[PDB]
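Data from my_file28.cif: mmCIF, N, CA and C atoms and all ligand atoms; chains and numbers go by the auth columns
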data_coords
#
loop_
_atom_site.group_PDB
_atom_site.id
_atom_site.type_symbol
_atom_site.label_atom_id
_atom_site.label_comp_id
_atom_site.label_asym_id
_atom_site.label_seq_id
_atom_site.Cartn_x
_atom_site.Cartn_y
_atom_site.Cartn_z
_atom_site.B_iso_or_equiv
_atom_site.auth_seq_id
_atom_site.auth_asym_id
ATOM 1 N N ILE A 1 -6.802 -24.672 2.437 0.00 2682 A
ATOM 2 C CA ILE A 1 -8.225 -24.526 2.136 0.00 2682 A
ATOM 3 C C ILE A 1 -8.578 -23.058 1.927 0.00 2682 A
ATOM 4 N N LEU A 2 -8.066 -22.180 2.793 0.00 2683 A
ATOM 5 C CA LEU A 2 -8.327 -20.754 2.631 0.00 2683 A
ATOM 6 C C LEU A 2 -7.773 -20.244 1.306 0.00 2683 A
ATOM 7 N N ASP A 3 -6.567 -20.688 0.940 0.00 2684 A
ATOM 8 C CA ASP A 3 -5.962 -20.267 -0.316 0.00 2684 A
ATOM 9 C C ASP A 3 -6.784 -20.739 -1.507 0.00 2684 A
ATOM 10 N N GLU A 4 -7.272 -21.979 -1.466 0.00 2685 A
ATOM 11 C CA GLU A 4 -8.088 -22.478 -2.567 0.00 2685 A
ATOM 12 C C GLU A 4 -9.393 -21.697 -2.685 0.00 2685 A
ATOM 13 N N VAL A 5 -10.020 -21.381 -1.549 0.00 2686 A
ATOM 14 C CA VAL A 5 -11.274 -20.634 -1.582 0.00 2686 A
ATOM 15 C C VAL A 5 -11.054 -19.236 -2.150 0.00 2686 A
ATOM 16 N N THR A 6 -9.991 -18.552 -1.716 0.00 2687 A
ATOM 17 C CA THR A 6 -9.757 -17.210 -2.242 0.00 2687 A
ATOM 18 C C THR A 6 -9.338 -17.262 -3.707 0.00 2687 A
ATOM 19 N N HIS A 7 -8.674 -18.345 -4.123 0.00 2688 A
ATOM 20 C CA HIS A 7 -8.342 -18.499 -5.536 0.00 2688 A
ATOM 21 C C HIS A 7 -9.598 -18.639 -6.385 0.00 2688 A
ATOM 22 N N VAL A 8 -10.564 -19.442 -5.933 0.00 2689 A
ATOM 23 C CA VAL A 8 -11.792 -19.586 -6.712 0.00 2689 A
ATOM 24 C C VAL A 8 -12.584 -18.285 -6.709 0.00 2689 A
ATOM 25 N N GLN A 9 -12.561 -17.550 -5.592 0.00 2690 A
ATOM 26 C CA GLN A 9 -13.255 -16.268 -5.556 0.00 2690 A
ATOM 27 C C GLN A 9 -12.634 -15.286 -6.539 0.00 2690 A
ATOM 28 N N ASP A 10 -11.301 -15.241 -6.593 0.00 2691 A
ATOM 29 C CA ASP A 10 -10.625 -14.381 -7.558 0.00 2691 A
ATOM 30 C C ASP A 10 -10.910 -14.823 -8.987 0.00 2691 A
ATOM 31 N N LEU A 11 -10.974 -16.137 -9.221 0.00 2692 A
ATOM 32 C CA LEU A 11 -11.295 -16.641 -10.553 0.00 2692 A
ATOM 33 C C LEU A 11 -12.689 -16.204 -10.988 0.00 2692 A
ATOM 34 N N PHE A 12 -13.679 -16.368 -10.107 0.00 2693 A
ATOM 35 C CA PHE A 12 -15.038 -15.965 -10.449 0.00 2693 A
ATOM 36 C C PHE A 12 -15.140 -14.460 -10.649 0.00 2693 A
ATOM 37 N N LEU A 13 -14.424 -13.675 -9.840 0.00 2694 A
ATOM 38 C CA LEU A 13 -14.398 -12.232 -10.059 0.00 2694 A
ATOM 39 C C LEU A 13 -13.738 -11.880 -11.386 0.00 2694 A
ATOM 40 N N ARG A 14 -12.733 -12.654 -11.801 0.00 2695 A
ATOM 41 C CA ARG A 14 -12.126 -12.449 -13.111 0.00 2695 A
ATOM 42 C C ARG A 14 -13.110 -12.767 -14.228 0.00 2695 A
ATOM 43 N N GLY A 15 -13.940 -13.792 -14.035 0.00 2696 A
ATOM 44 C CA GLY A 15 -14.967 -14.093 -15.019 0.00 2696 A
ATOM 45 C C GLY A 15 -15.917 -12.930 -15.232 0.00 2696 A
ATOM 46 N N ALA A 16 -16.243 -12.214 -14.159 0.00 2697 A
ATOM 47 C CA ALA A 16 -17.043 -11.009 -14.265 0.00 2697 A
ATOM 48 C C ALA A 16 -16.244 -9.918 -14.975 0.00 2697 A
ATOM 49 N N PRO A 17 -16.923 -8.967 -15.616 0.00 2698 A
ATOM 50 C CA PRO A 17 -16.200 -7.910 -16.332 0.00 2698 A
ATOM 51 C C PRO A 17 -15.324 -7.097 -15.392 0.00 2698 A
ATOM 52 N N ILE A 18 -14.146 -6.721 -15.886 0.00 2699 A
ATOM 53 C CA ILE A 18 -13.191 -5.953 -15.101 0.00 2699 A
ATOM 54 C C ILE A 18 -13.777 -4.576 -14.821 0.00 2699 A
ATOM 55 N N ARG A 19 -13.917 -4.239 -13.544 0.00 2700 A
ATOM 56 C CA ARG A 19 -14.445 -2.953 -13.115 0.00 2700 A
ATOM 57 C C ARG A 19 -13.337 -2.135 -12.467 0.00 2700 A
ATOM 58 N N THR A 20 -13.102 -0.944 -13.002 0.00 2701 A
ATOM 59 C CA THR A 20 -12.063 -0.044 -12.527 0.00 2701 A
ATOM 60 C C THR A 20 -12.559 0.717 -11.304 0.00 2701 A
ATOM 61 N N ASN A 21 -11.640 0.969 -10.365 0.00 2702 A
ATOM 62 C CA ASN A 21 -11.937 1.698 -9.130 0.00 2702 A
ATOM 63 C C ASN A 21 -12.926 0.916 -8.266 0.00 2702 A
ATOM 64 N N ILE A 22 -12.644 -0.373 -8.094 0.00 2703 A
ATOM 65 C CA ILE A 22 -13.498 -1.274 -7.334 0.00 2703 A
ATOM 66 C C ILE A 22 -12.605 -2.161 -6.478 0.00 2703 A
ATOM 67 N N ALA A 23 -13.049 -2.426 -5.249 0.00 2704 A
ATOM 68 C CA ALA A 23 -12.211 -3.091 -4.262 0.00 2704 A
ATOM 69 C C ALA A 23 -12.383 -4.603 -4.308 0.00 2704 A
ATOM 70 N N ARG A 24 -11.251 -5.309 -4.287 0.00 2705 A
ATOM 71 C CA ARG A 24 -11.211 -6.767 -4.280 0.00 2705 A
ATOM 72 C C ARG A 24 -11.174 -7.336 -2.867 0.00 2705 A
ATOM 73 N N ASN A 25 -11.757 -6.629 -1.902 0.00 2706 A
ATOM 74 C CA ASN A 25 -11.811 -7.118 -0.535 0.00 2706 A
ATOM 75 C C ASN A 25 -12.581 -8.436 -0.469 0.00 2706 A
ATOM 76 N N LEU A 26 -12.438 -9.128 0.666 0.00 2707 A
ATOM 77 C CA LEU A 26 -13.152 -10.385 0.864 0.00 2707 A
ATOM 78 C C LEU A 26 -14.653 -10.205 0.688 0.00 2707 A
ATOM 79 N N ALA A 27 -15.168 -9.022 1.032 0.00 2708 A
ATOM 80 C CA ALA A 27 -16.596 -8.756 0.899 0.00 2708 A
ATOM 81 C C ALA A 27 -17.070 -8.993 -0.528 0.00 2708 A
ATOM 82 N N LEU A 28 -16.522 -8.243 -1.486 0.00 2709 A
ATOM 83 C CA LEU A 28 -17.015 -8.320 -2.858 0.00 2709 A
ATOM 84 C C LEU A 28 -16.815 -9.710 -3.445 0.00 2709 A
ATOM 85 N N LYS A 29 -15.621 -10.282 -3.267 0.00 2710 A
ATOM 86 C CA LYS A 29 -15.331 -11.593 -3.843 0.00 2710 A
ATOM 87 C C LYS A 29 -16.279 -12.651 -3.297 0.00 2710 A
ATOM 88 N N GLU A 30 -16.396 -12.730 -1.970 0.00 2711 A
ATOM 89 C CA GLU A 30 -17.266 -13.727 -1.365 0.00 2711 A
ATOM 90 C C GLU A 30 -18.712 -13.513 -1.781 0.00 2711 A
ATOM 91 N N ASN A 31 -19.164 -12.255 -1.789 0.00 2712 A
ATOM 92 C CA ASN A 31 -20.537 -11.950 -2.170 0.00 2712 A
ATOM 93 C C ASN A 31 -20.836 -12.434 -3.583 0.00 2712 A
ATOM 94 N N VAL A 32 -20.002 -12.044 -4.552 0.00 2713 A
ATOM 95 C CA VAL A 32 -20.291 -12.360 -5.948 0.00 2713 A
ATOM 96 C C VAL A 32 -20.173 -13.861 -6.193 0.00 2713 A
ATOM 97 N N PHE A 33 -19.130 -14.489 -5.644 0.00 2714 A
ATOM 98 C CA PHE A 33 -18.942 -15.918 -5.848 0.00 2714 A
ATOM 99 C C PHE A 33 -20.109 -16.706 -5.266 0.00 2714 A
ATOM 100 N N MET A 34 -20.515 -16.369 -4.041 0.00 2715 A
ATOM 101 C CA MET A 34 -21.574 -17.136 -3.413 0.00 2715 A
ATOM 102 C C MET A 34 -22.927 -16.867 -4.052 0.00 2715 A
ATOM 103 N N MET A 35 -23.188 -15.653 -4.547 0.00 2716 A
ATOM 104 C CA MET A 35 -24.466 -15.465 -5.228 0.00 2716 A
ATOM 105 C C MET A 35 -24.500 -16.169 -6.575 0.00 2716 A
ATOM 106 N N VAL A 36 -23.386 -16.178 -7.314 0.00 2717 A
ATOM 107 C CA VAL A 36 -23.332 -16.968 -8.541 0.00 2717 A
ATOM 108 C C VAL A 36 -23.658 -18.422 -8.235 0.00 2717 A
ATOM 109 N N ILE A 37 -23.002 -18.982 -7.215 0.00 2718 A
ATOM 110 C CA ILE A 37 -23.224 -20.384 -6.882 0.00 2718 A
ATOM 111 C C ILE A 37 -24.660 -20.615 -6.421 0.00 2718 A
ATOM 112 N N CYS A 38 -25.185 -19.736 -5.564 0.00 2719 A
ATOM 113 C CA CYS A 38 -26.509 -19.950 -4.991 0.00 2719 A
ATOM 114 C C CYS A 38 -27.613 -19.845 -6.033 0.00 2719 A
ATOM 115 N N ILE A 39 -27.576 -18.830 -6.897 0.00 2720 A
ATOM 116 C CA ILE A 39 -28.586 -18.766 -7.947 0.00 2720 A
ATOM 117 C C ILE A 39 -28.360 -19.835 -9.006 0.00 2720 A
ATOM 118 N N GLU A 40 -27.133 -20.350 -9.134 0.00 2721 A
ATOM 119 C CA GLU A 40 -26.908 -21.498 -10.004 0.00 2721 A
ATOM 120 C C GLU A 40 -27.578 -22.757 -9.465 0.00 2721 A
ATOM 121 N N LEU A 41 -27.531 -22.965 -8.152 0.00 2722 A
ATOM 122 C CA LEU A 41 -28.076 -24.160 -7.523 0.00 2722 A
ATOM 123 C C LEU A 41 -29.512 -23.985 -7.054 0.00 2722 A
ATOM 124 N N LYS A 42 -30.142 -22.848 -7.353 0.00 2723 A
ATOM 125 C CA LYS A 42 -31.511 -22.555 -6.923 0.00 2723 A
ATOM 126 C C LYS A 42 -31.642 -22.622 -5.403 0.00 2723 A
ATOM 127 N N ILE A 43 -30.611 -22.143 -4.716 0.00 2724 A
ATOM 128 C CA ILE A 43 -30.635 -22.030 -3.261 0.00 2724 A
ATOM 129 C C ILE A 43 -30.581 -20.551 -2.901 0.00 2724 A
ATOM 130 N N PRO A 44 -31.401 -20.098 -1.960 0.00 2725 A
ATOM 131 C CA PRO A 44 -31.508 -18.659 -1.694 0.00 2725 A
ATOM 132 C C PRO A 44 -30.244 -18.085 -1.076 0.00 2725 A
ATOM 133 N N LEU A 45 -30.028 -16.796 -1.326 0.00 2726 A
ATOM 134 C CA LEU A 45 -28.973 -16.027 -0.685 0.00 2726 A
ATOM 135 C C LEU A 45 -29.594 -14.869 0.082 0.00 2726 A
ATOM 136 N N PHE A 46 -28.985 -14.506 1.206 0.00 2727 A
ATOM 137 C CA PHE A 46 -29.568 -13.531 2.122 0.00 2727 A
ATOM 138 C C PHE A 46 -28.513 -12.546 2.616 0.00 2727 A
ATOM 139 N N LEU A 47 -27.782 -11.941 1.683 0.00 2728 A
ATOM 140 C CA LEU A 47 -26.768 -10.955 2.039 0.00 2728 A
ATOM 141 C C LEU A 47 -27.367 -9.838 2.884 0.00 2728 A
ATOM 142 N N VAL A 48 -26.656 -9.480 3.953 0.00 2729 A
ATOM 143 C CA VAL A 48 -27.027 -8.386 4.840 0.00 2729 A
ATOM 144 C C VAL A 48 -25.767 -7.612 5.206 0.00 2729 A
ATOM 145 N N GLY A 49 -25.942 -6.591 6.036 0.00 2730 A
ATOM 146 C CA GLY A 49 -24.828 -5.769 6.463 0.00 2730 A
ATOM 147 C C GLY A 49 -25.224 -4.326 6.680 0.00 2730 A
ATOM 148 N N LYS A 50 -24.508 -3.416 6.037 0.00 2731 A
ATOM 149 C CA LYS A 50 -24.766 -1.990 6.171 0.00 2731 A
ATOM 150 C C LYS A 50 -24.331 -1.314 4.882 0.00 2731 A
ATOM 151 N N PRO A 51 -24.633 -0.020 4.719 0.00 2732 A
ATOM 152 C CA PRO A 51 -24.085 0.718 3.577 0.00 2732 A
ATOM 153 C C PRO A 51 -22.590 0.507 3.405 0.00 2732 A
ATOM 154 N N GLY A 52 -22.198 -0.133 2.306 0.00 2733 A
ATOM 155 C CA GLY A 52 -20.805 -0.416 2.030 0.00 2733 A
ATOM 156 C C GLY A 52 -20.393 -1.873 2.097 0.00 2733 A
ATOM 157 N N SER A 53 -21.337 -2.811 2.072 0.00 2734 A
ATOM 158 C CA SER A 53 -21.001 -4.226 2.193 0.00 2734 A
ATOM 159 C C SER A 53 -20.988 -4.965 0.860 0.00 2734 A
ATOM 160 N N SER A 54 -20.930 -4.244 -0.263 0.00 2735 A
ATOM 161 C CA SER A 54 -20.782 -4.823 -1.602 0.00 2735 A
ATOM 162 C C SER A 54 -21.818 -5.919 -1.864 0.00 2735 A
ATOM 163 N N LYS A 55 -23.069 -5.607 -1.541 0.00 2736 A
ATOM 164 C CA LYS A 55 -24.175 -6.513 -1.817 0.00 2736 A
ATOM 165 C C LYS A 55 -24.926 -6.139 -3.085 0.00 2736 A
ATOM 166 N N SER A 56 -25.392 -4.894 -3.199 0.00 2737 A
ATOM 167 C CA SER A 56 -26.012 -4.451 -4.444 0.00 2737 A
ATOM 168 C C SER A 56 -24.998 -4.420 -5.579 0.00 2737 A
ATOM 169 N N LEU A 57 -23.759 -4.027 -5.277 0.00 2738 A
ATOM 170 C CA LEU A 57 -22.692 -4.084 -6.268 0.00 2738 A
ATOM 171 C C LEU A 57 -22.497 -5.502 -6.784 0.00 2738 A
ATOM 172 N N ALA A 58 -22.497 -6.478 -5.877 0.00 2739 A
ATOM 173 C CA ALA A 58 -22.386 -7.872 -6.282 0.00 2739 A
ATOM 174 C C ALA A 58 -23.576 -8.292 -7.137 0.00 2739 A
ATOM 175 N N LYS A 59 -24.779 -7.836 -6.777 0.00 2740 A
ATOM 176 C CA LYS A 59 -25.956 -8.132 -7.586 0.00 2740 A
ATOM 177 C C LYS A 59 -25.802 -7.608 -9.007 0.00 2740 A
ATOM 178 N N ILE A 60 -25.343 -6.366 -9.154 0.00 2741 A
ATOM 179 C CA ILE A 60 -25.250 -5.778 -10.485 0.00 2741 A
ATOM 180 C C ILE A 60 -24.147 -6.448 -11.294 0.00 2741 A
ATOM 181 N N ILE A 61 -23.011 -6.746 -10.657 0.00 2742 A
ATOM 182 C CA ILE A 61 -21.934 -7.407 -11.388 0.00 2742 A
ATOM 183 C C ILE A 61 -22.352 -8.812 -11.810 0.00 2742 A
ATOM 184 N N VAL A 62 -23.150 -9.505 -10.990 0.00 2743 A
ATOM 185 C CA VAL A 62 -23.646 -10.822 -11.381 0.00 2743 A
ATOM 186 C C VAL A 62 -24.631 -10.698 -12.536 0.00 2743 A
HETATM 187 N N1 LIG B . -14.801 -2.979 -2.179 0.00 2801 B
HETATM 188 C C1 LIG B . -15.911 -2.208 -2.215 0.00 2801 B
HETATM 189 N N2 LIG B . -16.937 -2.446 -1.374 0.00 2801 B
HETATM 190 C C2 LIG B . -18.049 -1.694 -1.390 0.00 2801 B
HETATM 191 N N3 LIG B . -18.241 -0.659 -2.222 0.00 2801 B
HETATM 192 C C3 LIG B . -17.291 -0.302 -3.115 0.00 2801 B
HETATM 193 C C4 LIG B . -16.043 -1.079 -3.165 0.00 2801 B
HETATM 194 N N4 LIG B . -15.286 -0.524 -4.128 0.00 2801 B
HETATM 195 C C5 LIG B . -15.990 0.514 -4.649 0.00 2801 B
HETATM 196 N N5 LIG B . -17.189 0.639 -4.054 0.00 2801 B
HETATM 197 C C6 LIG B . -18.209 1.674 -4.366 0.00 2801 B
HETATM 198 O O1 LIG B . -19.477 1.355 -3.794 0.00 2801 B
HETATM 199 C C7 LIG B . -20.524 1.758 -4.677 0.00 2801 B
HETATM 200 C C8 LIG B . -21.613 0.698 -4.626 0.00 2801 B
HETATM 201 O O2 LIG B . -21.194 -0.265 -3.663 0.00 2801 B
HETATM 202 P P1 LIG B . -21.941 -0.333 -2.242 0.00 2801 B
HETATM 203 O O3 LIG B . -22.608 0.998 -2.024 0.00 2801 B
HETATM 204 O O4 LIG B . -20.965 -0.837 -1.208 0.00 2801 B
HETATM 205 O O5 LIG B . -23.087 -1.441 -2.420 0.00 2801 B
HETATM 206 P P2 LIG B . -24.210 -1.589 -1.278 0.00 2801 B
HETATM 207 O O6 LIG B . -25.462 -1.049 -1.920 0.00 2801 B
HETATM 208 O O7 LIG B . -24.259 -3.069 -1.001 0.00 2801 B
HETATM 209 O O8 LIG B . -23.676 -0.751 -0.142 0.00 2801 B
HETATM 210 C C9 LIG B . -19.914 1.923 -6.061 0.00 2801 B
HETATM 211 O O9 LIG B . -20.212 3.221 -6.582 0.00 2801 B
HETATM 212 C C10 LIG B . -18.417 1.794 -5.868 0.00 2801 B
HETATM 213 O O10 LIG B . -17.762 2.961 -6.370 0.00 2801 B
#
Rewrite the structure from the file as C-alpha cells, please.
Amino acid sequence: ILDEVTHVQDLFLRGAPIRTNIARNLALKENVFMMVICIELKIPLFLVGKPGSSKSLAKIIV
C-alpha cells in the first residue's frame, strides 16, 4: 500500500512540470498530490507546518 501511494505521488509530480533544484521528499509529493485531489473533489485542504514544508511551493506547482 505504501509503495502504491508513493508511486501515485511520483506520477502526479511527473504530471507537473519538471522543476530543477527541487526536493522530491514526502512533503512535496504528498502536498501536491493531495491538493490536486482535494481541489478536484471540491473538498478543502488545510496544509500547515513551518517555513520549509513545501506548501506554497505545492500551491504554485499545482
Ligand atoms: N523539498 C523541498 N521542500 C521545501 N522547499 C524546497 C524544497 N526544494 C526546494 N525548496 C525551496 O523552497 C522554496 C519555496 O519552498 P518553501 O519555502 O518550502 O515553501 P513554503 O512557503 O511552504 O515554506 C523554493 O525557492 C525552493 O528553492
Closest of A:2738, A:2720, A:2683, A:2728 to ligand LIG 2801 (chain B), counting only N, CA and C atoms and all ligand atoms, is A:2738
Show me which residues are within 9 Å of ligand LIG 2801 (chain B) counting only C-alpha atoms and all ligand atoms, and format the list as number ranges by chain.
A: 2701-2710, 2728-2740
One decimal, in Å: what's the spacing between atom N of residue 2719 in chain A and atom N of residue 2700 in chain A?
20.8 Å
For the atom pair CA of residue 2693 in chain A and atom N of residue 2711 in chain A, what is the interatomic distance in Å to one decimal place?
9.2 Å
One-decimal distance in Å that lies between atom N of residue 2743 in chain A and atom N of residue 2698 in chain A:
7.8 Å
From a DSSP pass on the backbone, collect the residues of chain A flagged as alpha helix (DSSP H) and hand them back as a ChimeraX atom specification.
/A:2683-2696,2707-2721,2737-2742
Please produce an output containing N, CA and C atoms for each residue in the selection, written as an mmCIF file, in the coordinates of the input.
data_model
loop_
_atom_site.group_PDB
_atom_site.id
_atom_site.type_symbol
_atom_site.label_atom_id
_atom_site.label_comp_id
_atom_site.auth_asym_id
_atom_site.auth_seq_id
_atom_site.Cartn_x
_atom_site.Cartn_y
_atom_site.Cartn_z
ATOM 1 N N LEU A 2683 -8.066 -22.180 2.793
ATOM 2 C CA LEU A 2683 -8.327 -20.754 2.631
ATOM 3 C C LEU A 2683 -7.773 -20.244 1.306
ATOM 4 N N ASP A 2684 -6.567 -20.688 0.940
ATOM 5 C CA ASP A 2684 -5.962 -20.267 -0.316
ATOM 6 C C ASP A 2684 -6.784 -20.739 -1.507
ATOM 7 N N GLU A 2685 -7.272 -21.979 -1.466
ATOM 8 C CA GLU A 2685 -8.088 -22.478 -2.567
ATOM 9 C C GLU A 2685 -9.393 -21.697 -2.685
ATOM 10 N N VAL A 2686 -10.020 -21.381 -1.549
ATOM 11 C CA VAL A 2686 -11.274 -20.634 -1.582
ATOM 12 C C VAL A 2686 -11.054 -19.236 -2.150
ATOM 13 N N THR A 2687 -9.991 -18.552 -1.716
ATOM 14 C CA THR A 2687 -9.757 -17.210 -2.242
ATOM 15 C C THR A 2687 -9.338 -17.262 -3.707
ATOM 16 N N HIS A 2688 -8.674 -18.345 -4.123
ATOM 17 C CA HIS A 2688 -8.342 -18.499 -5.536
ATOM 18 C C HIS A 2688 -9.598 -18.639 -6.385
ATOM 19 N N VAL A 2689 -10.564 -19.442 -5.933
ATOM 20 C CA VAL A 2689 -11.792 -19.586 -6.712
ATOM 21 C C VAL A 2689 -12.584 -18.285 -6.709
ATOM 22 N N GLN A 2690 -12.561 -17.550 -5.592
ATOM 23 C CA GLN A 2690 -13.255 -16.268 -5.556
ATOM 24 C C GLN A 2690 -12.634 -15.286 -6.539
ATOM 25 N N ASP A 2691 -11.301 -15.241 -6.593
ATOM 26 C CA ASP A 2691 -10.625 -14.381 -7.558
ATOM 27 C C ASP A 2691 -10.910 -14.823 -8.987
ATOM 28 N N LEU A 2692 -10.974 -16.137 -9.221
ATOM 29 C CA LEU A 2692 -11.295 -16.641 -10.553
ATOM 30 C C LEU A 2692 -12.689 -16.204 -10.988
ATOM 31 N N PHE A 2693 -13.679 -16.368 -10.107
ATOM 32 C CA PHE A 2693 -15.038 -15.965 -10.449
ATOM 33 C C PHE A 2693 -15.140 -14.460 -10.649
ATOM 34 N N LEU A 2694 -14.424 -13.675 -9.840
ATOM 35 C CA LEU A 2694 -14.398 -12.232 -10.059
ATOM 36 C C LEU A 2694 -13.738 -11.880 -11.386
ATOM 37 N N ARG A 2695 -12.733 -12.654 -11.801
ATOM 38 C CA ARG A 2695 -12.126 -12.449 -13.111
ATOM 39 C C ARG A 2695 -13.110 -12.767 -14.228
ATOM 40 N N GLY A 2696 -13.940 -13.792 -14.035
ATOM 41 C CA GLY A 2696 -14.967 -14.093 -15.019
ATOM 42 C C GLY A 2696 -15.917 -12.930 -15.232
ATOM 43 N N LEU A 2707 -12.438 -9.128 0.666
ATOM 44 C CA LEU A 2707 -13.152 -10.385 0.864
ATOM 45 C C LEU A 2707 -14.653 -10.205 0.688
ATOM 46 N N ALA A 2708 -15.168 -9.022 1.032
ATOM 47 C CA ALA A 2708 -16.596 -8.756 0.899
ATOM 48 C C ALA A 2708 -17.070 -8.993 -0.528
ATOM 49 N N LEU A 2709 -16.522 -8.243 -1.486
ATOM 50 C CA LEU A 2709 -17.015 -8.320 -2.858
ATOM 51 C C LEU A 2709 -16.815 -9.710 -3.445
ATOM 52 N N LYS A 2710 -15.621 -10.282 -3.267
ATOM 53 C CA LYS A 2710 -15.331 -11.593 -3.843
ATOM 54 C C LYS A 2710 -16.279 -12.651 -3.297
ATOM 55 N N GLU A 2711 -16.396 -12.730 -1.970
ATOM 56 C CA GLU A 2711 -17.266 -13.727 -1.365
ATOM 57 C C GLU A 2711 -18.712 -13.513 -1.781
ATOM 58 N N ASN A 2712 -19.164 -12.255 -1.789
ATOM 59 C CA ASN A 2712 -20.537 -11.950 -2.170
ATOM 60 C C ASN A 2712 -20.836 -12.434 -3.583
ATOM 61 N N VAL A 2713 -20.002 -12.044 -4.552
ATOM 62 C CA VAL A 2713 -20.291 -12.360 -5.948
ATOM 63 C C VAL A 2713 -20.173 -13.861 -6.193
ATOM 64 N N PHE A 2714 -19.130 -14.489 -5.644
ATOM 65 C CA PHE A 2714 -18.942 -15.918 -5.848
ATOM 66 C C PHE A 2714 -20.109 -16.706 -5.266
ATOM 67 N N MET A 2715 -20.515 -16.369 -4.041
ATOM 68 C CA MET A 2715 -21.574 -17.136 -3.413
ATOM 69 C C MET A 2715 -22.927 -16.867 -4.052
ATOM 70 N N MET A 2716 -23.188 -15.653 -4.547
ATOM 71 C CA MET A 2716 -24.466 -15.465 -5.228
ATOM 72 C C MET A 2716 -24.500 -16.169 -6.575
ATOM 73 N N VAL A 2717 -23.386 -16.178 -7.314
ATOM 74 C CA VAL A 2717 -23.332 -16.968 -8.541
ATOM 75 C C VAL A 2717 -23.658 -18.422 -8.235
ATOM 76 N N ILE A 2718 -23.002 -18.982 -7.215
ATOM 77 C CA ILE A 2718 -23.224 -20.384 -6.882
ATOM 78 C C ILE A 2718 -24.660 -20.615 -6.421
ATOM 79 N N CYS A 2719 -25.185 -19.736 -5.564
ATOM 80 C CA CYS A 2719 -26.509 -19.950 -4.991
ATOM 81 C C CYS A 2719 -27.613 -19.845 -6.033
ATOM 82 N N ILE A 2720 -27.576 -18.830 -6.897
ATOM 83 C CA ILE A 2720 -28.586 -18.766 -7.947
ATOM 84 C C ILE A 2720 -28.360 -19.835 -9.006
ATOM 85 N N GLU A 2721 -27.133 -20.350 -9.134
ATOM 86 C CA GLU A 2721 -26.908 -21.498 -10.004
ATOM 87 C C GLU A 2721 -27.578 -22.757 -9.465
ATOM 88 N N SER A 2737 -25.392 -4.894 -3.199
ATOM 89 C CA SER A 2737 -26.012 -4.451 -4.444
ATOM 90 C C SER A 2737 -24.998 -4.420 -5.579
ATOM 91 N N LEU A 2738 -23.759 -4.027 -5.277
ATOM 92 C CA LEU A 2738 -22.692 -4.084 -6.268
ATOM 93 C C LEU A 2738 -22.497 -5.502 -6.784
ATOM 94 N N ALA A 2739 -22.497 -6.478 -5.877
ATOM 95 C CA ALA A 2739 -22.386 -7.872 -6.282
ATOM 96 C C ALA A 2739 -23.576 -8.292 -7.137
ATOM 97 N N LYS A 2740 -24.779 -7.836 -6.777
ATOM 98 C CA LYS A 2740 -25.956 -8.132 -7.586
ATOM 99 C C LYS A 2740 -25.802 -7.608 -9.007
ATOM 100 N N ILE A 2741 -25.343 -6.366 -9.154
ATOM 101 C CA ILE A 2741 -25.250 -5.778 -10.485
ATOM 102 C C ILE A 2741 -24.147 -6.448 -11.294
ATOM 103 N N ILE A 2742 -23.011 -6.746 -10.657
ATOM 104 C CA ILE A 2742 -21.934 -7.407 -11.388
ATOM 105 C C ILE A 2742 -22.352 -8.812 -11.810
#
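Distance annotation: of A:2684, A:2727, A:2695, A:2742, the residue with the minimal separation from residue 2713 in chain A is A:2742; atom set is only C-alpha atoms.
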Enumerate, as a list in words, the protein, DNA and RNA residues whose atoms approach (-14.4, -17.2, -3.8) to within 9 Å, taking into account only C-alpha atoms and the coordinate frame of the file.
residues 2685, 2686, 2687, 2688, 2689, 2690, 2691, 2692, 2693, 2694, 2707, 2710, 2711, 2712, 2713, 2714 and 2715 of chain A
